[PDB]
Amino acid sequence: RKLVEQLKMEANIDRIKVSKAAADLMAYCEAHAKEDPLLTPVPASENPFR
Amino acid sequence: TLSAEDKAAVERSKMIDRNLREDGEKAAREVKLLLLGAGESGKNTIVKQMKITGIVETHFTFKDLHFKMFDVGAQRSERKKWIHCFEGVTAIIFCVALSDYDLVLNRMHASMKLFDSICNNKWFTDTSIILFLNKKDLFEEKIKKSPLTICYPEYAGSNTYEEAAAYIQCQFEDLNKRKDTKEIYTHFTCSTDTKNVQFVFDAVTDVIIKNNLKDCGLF
Amino acid sequence: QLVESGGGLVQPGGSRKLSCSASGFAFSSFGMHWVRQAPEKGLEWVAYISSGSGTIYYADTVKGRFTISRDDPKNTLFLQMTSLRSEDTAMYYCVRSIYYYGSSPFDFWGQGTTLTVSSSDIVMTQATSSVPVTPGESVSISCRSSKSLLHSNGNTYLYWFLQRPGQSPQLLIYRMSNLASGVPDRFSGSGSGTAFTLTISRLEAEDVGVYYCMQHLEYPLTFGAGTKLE
Amino acid sequence: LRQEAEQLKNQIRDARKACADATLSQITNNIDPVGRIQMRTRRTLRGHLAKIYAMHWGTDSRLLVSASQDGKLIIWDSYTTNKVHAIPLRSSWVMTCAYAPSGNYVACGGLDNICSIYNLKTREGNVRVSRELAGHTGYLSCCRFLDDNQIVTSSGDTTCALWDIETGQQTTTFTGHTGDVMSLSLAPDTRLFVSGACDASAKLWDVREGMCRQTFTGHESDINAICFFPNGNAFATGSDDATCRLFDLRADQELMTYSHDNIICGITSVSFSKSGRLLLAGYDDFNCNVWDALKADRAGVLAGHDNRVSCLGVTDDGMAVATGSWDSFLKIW
Amino acid sequence: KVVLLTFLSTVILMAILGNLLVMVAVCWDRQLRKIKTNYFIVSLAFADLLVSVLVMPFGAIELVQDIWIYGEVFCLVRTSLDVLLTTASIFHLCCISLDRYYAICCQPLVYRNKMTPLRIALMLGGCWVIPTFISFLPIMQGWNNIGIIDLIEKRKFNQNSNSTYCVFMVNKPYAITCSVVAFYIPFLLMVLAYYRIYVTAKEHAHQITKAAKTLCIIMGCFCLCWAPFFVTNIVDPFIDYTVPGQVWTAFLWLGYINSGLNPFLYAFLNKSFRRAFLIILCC
Ligand SMILES: NCCc1c[nH]c2ccc(O)cc12
């Protein structure tokens, strides 16, 4: 009954090219790489787990 | 070195550990049973008789053994996403109504399908099943004027109860594809105050003894 | 709430039995402390008993002389006194405590009971014994200790208490940075090792009293001389 | 009014195909690969007896809660392995638990449809139920806090509900899923949340508007786990097909499939690293796998469990990863 | 002839290989390590391996070289080690029987939890400490020789044999006490425990054979292995030590093969252990 209205609402939304999404995703990932202790292990002193 | 507050926290943690261990020791002493069956299979009747919008827990004790049952019938949701929670149940109590062989949801076929799906489930390979045939008196009353052939085409026998019920139970037990690992304790639900719980206790004690023997390697 | 009983006049060298009844909380899970105040001096630690009676400590000035025991079923705490001496003349407090990450020990203090007898610890100093204050003014209190209270784990084990005239002490700040539950935001605390201070913004009514500092790095627990605001 | 739905779906598919100019693998082909990420069990937490099904990290990144069929929730001090509280549950059949962002409250639930909110900061010391939310017809699946008063829940009723704790009644009833909802995830801004269900589709919802904004598909079986990218633009989903899929809300298209020919088991938990480079998914084959979210290549294996990796979580600071299993043990890496 | 010597070597090789396989199977399989009862089999097989690598090769040397080149002290050390390890294996079997009895008859519901570390430690430490009081303390001090010193002196350098050889003659008190402690009391305990096991299995299969076969096989193996040695030991101090040395050696070895058979009886015949065995074989 009401499914057609939901599909109509979902159809009208704007969409960006996948290339822009990938570029933004990679940029965000690269920008915060300096602050990830799992991506790059930290020395024992900084690590709260010893 | 730990500080005074740290030492107090460690003492509190050890006290919590002791309490958890005591509660677990209490928990291991009581059997866990799973109750299953069709909507009108008579689960309410049997659960009320044995008792001396989700899971319903019933606690009762018989001859100094703690029993609790889990009624999962109220859950109108997909089984495979939560059935694995009951992997540790000592046994499964299954209820099927004999009188439903001539009532349309073919409800006997639905019960057989559910039995096949539960007993052959990978999560219940080692768990035993206790099967109760409910409403035996009604089946006695109605069978003599309604041949069993209406439900099972390949039947070959008379309409008398003594062999009709035998054929029903044989069909229920024949669905077990893991006869070597598990057993089907079939019984008939007669109105009573103690015999049903007596049979359940006998089944559970026998099952636990067999499990212990298997663990020790003697079986 | 906690209420003490068993006080009164006692001859020197005798024995008196003090007790208090806990209600309104899980007494079993909470530790208990006994703190006494002389008629004209500051607070002094006496004894401590942990939950489940798994750990008991006494102050050197009462070692052996005093005994502390618990009874969870009746939610009552006990303290046995024997061979009293004139120095024991003081009014005693029951202090509630729980120890876990984020907890606030010494949060609740009982009404207290008065006992009259016929007649390497961490030193902490509060040189500013008294300060005249005016309502609406911002005032600060300073404290010092011999041993640094900044443990290697990062927690600075110092507590601040306020005792109003004729009223039991109330926890104000714990661990030098955390305000106790129900404390107005006016109060604040900060300080490096071996030096601590407490600040009050726009002091107002019922703020006059004696402010007591307390260390909890290691037993015995030592209280300060107190700072009086008038 | 019963035939145009397929035409609209075809139009949506065409629109989604139009924006598929390039794939993430092609664009990221030139990045420096992460390399082998070796992790060792720094702490192992013991004290649970039955299976552990759920865990969550506090905002402080030091306290975590874990649920088990013992009927008890244990608040764990990860730094010292100490136990802070032991909450005896009314119903032992718990399947989910959550830790409030302020740390004052803890929630849990399961086959018993009632969702119980527990107050930790009790003046009397002992923890007690603050409220017992009810109204879900089916079993409770996942629970997550938005604040000290609002909690979002999913259940087997095929519906997700937003609850106002102070009044103890549903503020909104999200509906539209065709199958049981298996997991939930809240966006960093708390404006939106995404739910996965057994209908092999993931739907994006608006907390305040109360209707589905977007629906995603591509899995061939039930979606058992789901989690946002920490930037809030993309989310990952886990399914029984052994395949992890990354979805972007703005692009409205599937980006990558993380699967290997040697993996046949299902996926029970999924989580992201703070930077988002590392995707951690708890598989049912006795170990957890580390996937590079930008390369799709496997970077490591956290094999330290014996029964089943049931829950997985990363600290808000990213310092450590917590993995629970049906061994009744929790391991912090 | 060489035929016997190679037969010994085959027995020792088989026993050592079986015991080592049992060790590695238990160490590798996590599913086995989680069960309390499995620890007892580990200690039993370890005692069997000690018997294998410290006892039977020495006997192989003895039956061929016919000269105890190692001297008086090492003969005493050999006797003490052999007695200690044999009684340790017997006590391990008896305690396994008692553990099965407890689990299957007394507290079947909470058996696994009630196996606290303290009780298993008590049993295992007993299995190794009780043998010492009969194997080292009385043997080292020579308490077994008092009252029969003349016979030992004659036997050591009989007119029939110019070459020295090991002799372990035992006197009335040591004979009776040590035999009763090592074999008869454990045998009676095992018999009672397994009879009660069988009674429980027959009774609780009622209320409406495999265990019978397993128990019969185990008990028959134990009796065939150890009964002749102890009856010979008890009888000889009463018949003036007349049994020939060949029969003594045959019975002593019949006890020795018990070490190589135990892995089959208690590890290979268990449904859980064959999983670890297959895993080890595949490697
Ligand atoms: N070779 C087995 C030695 C041994 C074990 N137990 C014994 C008991 C009595 C005895 O004379 C000798 C023994």
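Grab the other residues whose beta carbon is less than 12 angstrom from that of A:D36, score K and R as +1, D and E as -1, and report the net. Kindly include the intermediate steps, with their values, before the conclusion.
Values: positive: A:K34, D:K274, D:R277; negative: A:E30, A:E35, D:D317.
Summing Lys and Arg as +1 and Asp and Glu as -1 gives 0.
Which shape class, rounded, prolate or oblate, goes with the protein assembly as shown when its Cα gyration tensor gives a ≥ b ≥ c as root eigenvalues, a/c under 1.5 marks rounded, and past that a/b bigger than b/c marks prolate? Could the numbers behind the result be given before it?
Details: a/c = 1.79, a/b = 1.18, b/c = 1.51.
It comes out oblate by the Cα gyration axes.
Take the cross-link list B:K179/E:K210; B:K48/B:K113; A:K8/D:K203; B:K195/E:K210 and give me the ones stretching past 20 Å between alpha-carbons.
Working: B:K179/E:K210 17 Å; B:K48/B:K113 26 Å; A:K8/D:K203 15 Å; B:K195/E:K210 30 Å.
Among B:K179/E:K210; B:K48/B:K113; A:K8/D:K203; B:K195/E:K210, the Cα-Cα distance tops 20 Å for B:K48/B:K113; B:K195/E:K210.
List every residue whose amide H lies under 5 Å from the amide H of D:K72, counting only residues 5 or more places away in sequence or on a different chain, with H placed 1.01 Å from N in the peptide plane.
Amide H neighbours of D:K72, under 5 Å, 5+ apart: D:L89.
Out of all DSSP beta bridges with both ends in the protein assembly as shown, state the antiparallel percent to the nearest 5. Spell out each step's value before the answer.
Numbers: 172 of 199 bridges.
Of all bridge pairs located within the protein assembly as shown, approximately 85 percent are antiparallel.
What 222 nm value per residue comes from the helices of chain D, counting each DSSP H run with n ≥ 4 as -39,500 (n - 2.57) and dividing by all residues, nearest 500 deg cm²/dmol?
On the way: 2 runs with 19 residues, N = 333.
Helix contribution divided over all residues of chain D: -1500 deg cm²/dmol.
Could you work out the mean count of beta carbons from other protein chains within 10 Å of each residue's beta carbon in E:106-112? Don't skip to the end; give the middle numbers.
On the way: counts 0, 1, 7, 11, 6, 5, 3.
That average works out to 5.
Based on other C-beta atoms within 10 Å, arrange E:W128, D:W76, B:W82 from fewest to most.
In order of increasing Cβ crowding within 10 Å: E:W128, B:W82, D:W76.
Quantify how strongly other chains surround peptide C:24-34 by giving the mean number of their Cβ atoms within 10 Å of each of its Cβ atoms.
Working: counts 2, 5, 5, 2, 3, 7, 3, 3, 0, 0, 0.
The mean count of partner-chain Cβ atoms within 10 Å per residue comes to 3.
Just tell me how shielded B:86-94 is by partners: mean number of partner chain Cβ atoms within 10 Å of each residue's Cβ, no decimals. Working shown, then result.
Values: counts 3, 3, 3, 0, 1, 0, 0, 0, 0.
If you average over the peptide's residues, the count of other-chain Cβ atoms is 1.
So what is the 222 nm mean residue ellipticity for chain E from helices alone, if each DSSP H run of at least 4 adds -39500 (n - 2.57) and you divide by all residues, rounding to the nearest 500 deg cm²/dmol?
Numbers: 14 runs with 208 residues, N = 283.
That comes out to -24000 deg cm²/dmol.
Within a 10 angstrom radius of the beta carbon, how do D:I12, E:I90, A:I16 rank from fewest other beta carbons to most? Intermediate values should be presented prior to the final figure.
Values: D:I12 17, E:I90 27, A:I16 14.
If I rank by nearby Cβ atoms, fewest first, I get A:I16, D:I12, E:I90.
Projecting each Cα onto the charge dipole of segment B:39-197 (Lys/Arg +1, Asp/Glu -1 at the beta carbon, about the Cα centre), which of B:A165, B:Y101, B:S77 comes out farthest on the positive side?
Farthest along the dipole direction, towards plus: B:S77.
Report the longest stretch of chain D that contains none of the GluC sites (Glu not before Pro) sitting in a DSSP loop with at most 14 other Cβ atoms within 10 Å.
Details: sites that count: D:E124, D:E166, D:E209, D:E220.
It works out to D:1-123.
Quick check: convex hull of the Cα atoms in chain E, volume per residue, rounded to a whole Å³?
Hull volume over Cα atoms, normalised by residue count, gives 153 Å³.
Please get the size of the charge dipole for chain C, origin at its Cα centre, with Cβ charges of +1 on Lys and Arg and -1 on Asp and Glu, quoted in debye to the nearest 20. Walk me through the intermediate numbers first.
On the way: 17 positive and 17 negative charges, 78 e Å.
In total the dipole reaches around 380 debye.
Using Cβ contacts closer than 10 Å as the measure, can you line up E:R100, C:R70 from fewest to most?
C:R70, E:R100
Mind putting a number on the dipole of chain E about its Cα centre? Charges go on the C-beta only, +1 for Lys and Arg and -1 for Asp and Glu, and I need it in Debye to the nearest 20. The partial results should precede the final answer.
Working: 21 positive and 12 negative charges, 291 e Å.
In total the dipole reaches around 1400 debye.
To the nearest 20 debye, what is the magnitude of the charge dipole of the protein assembly as shown about its Cα centre, counting +1 on the Cβ of each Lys and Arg and -1 on the Cβ of each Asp and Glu? Mind dumping the intermediate values first?
Numbers: 110 positive and 106 negative charges, 265 e Å.
Value, rounded to 20: 1280 debye.
Quote the FRET efficiency, to the nearest 0.05, computed for B:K142 versus D:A303 with a Förster distance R0 of 56 Å and r equal to the Cβ-Cβ distance. Can you show the working numbers first?
Numbers: r = 60 Å, r/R0 = 1.06.
Taking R0 as 56 Å, the efficiency between B:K142 and D:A303 is 0.40.
Less than 13 Å Cβ to Cβ from D:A134, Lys/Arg counted +1 and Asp/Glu -1: what total charge do the surrounding residues give? Please list the in-between numbers first.
Details: positive: D:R90, D:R131; negative: D:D112, D:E132, D:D157.
Surrounding charge for D:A134 is -1.
According to a simple spin-label model (label point 7 Å from Cα along Cα-to-Cβ), what is the distance in nm between C:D121 and D:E166?
Here the modelled spin labels are 4.9 nm apart.
For segment D:3-332, what is the largest minus smallest coordinate of the Cα atoms on each principal axis, given in angstrom and ordered from greatest to least?
62, 48, 30 Å, listed from the longest principal axis down.
Farthest toward the dipole's positive end in the protein assembly as shown, which of C:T125, E:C216, B:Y152, given Cβ charges of +1 (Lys, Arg) and -1 (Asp, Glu) about the Cα centre?
E:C216
Every residue, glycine among them, receives a Cβ derived from its backbone with ideal geometry; neighbour counts consider all protein chains shown. Where a number appears in this text, it was derived from the coordinates with a stated rule and is not lab data.
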